[PDB]
């Protein structure tokens, strides 16, 4: 007698939100916000450099913890909490900018600056940079006056950049414990250092005085840097207080830099990283970490946003 049309249904649907309705039940639905983290740095197929105890800025200056990182090559660079940029206590001026450069550098190649010295010492060392006995930053030279209280002569040193990519130049400035220690090291009087390239002008007079004993030492070393362009020349006028660059750094190519506290894993591949690990997902959004980096789903504040993949559920 009769023929009837109908549609499938379940006893119990999945609730989703629409333009007009909160919590309408549908036959099937799926998640659009990723919540699953992988608690490893998934680095399958990538040249990875885990800096460990080496601080990223220490790869340019070379404290003992960074000896195996002086010319690293990488697609992915991992900074660790235990990293330290320094052996002799000190810090870099414009430090975060420099970390950002080095994170995407592809790693670094090193080249001799070509400085020679006459009328001064060049081999200043210390207890805090330990290589079986006292030492110093592997890429740097601590310039002193020939002997205690001797006049450190006014000096003029050049380096031209004969390569086709910008050279990263780093130099330091020493801050002795005393005002009397500045005289012993480089002779008494106000010392001046200046730096000049096509688009750079800056000068630094030292500032002695006591500081807290870091690494058992109360002195500090300032660290400074600029990018010297191809065919550009850079000049260093100095009367003392000055830590001379031995080598220049050139950037290799391209990389991605992350900070993290979890283990490397070459068994999984991922392109979205955060400190707690790797977000592997095809979903358009994620609610794990708003500071995730790489190629990531967009961060949203919602934990879940279900997308209907079936008709509305209208049970018996």
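Positions refer to the first chain, counted from 1.
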property	result
279 to 287 set against 24 to 32, stretch whose average Cα temperature factor tops the other in the entry	24 to 32
Higher-B stretch (mean Cα B-factor, as the entry records it), 172 to 180 or 185 to 193	185 to 193
Largest Cα B-factor, entry values, listed residues 107, 245, 114, 208	208
Residue with maximal Cα B-factor (values as given in the PDB entry) among 101, 217, 76, 87	217
Chain third (lowest, middle, highest) by recorded CA B-factor, residue given as residue 80	lowest
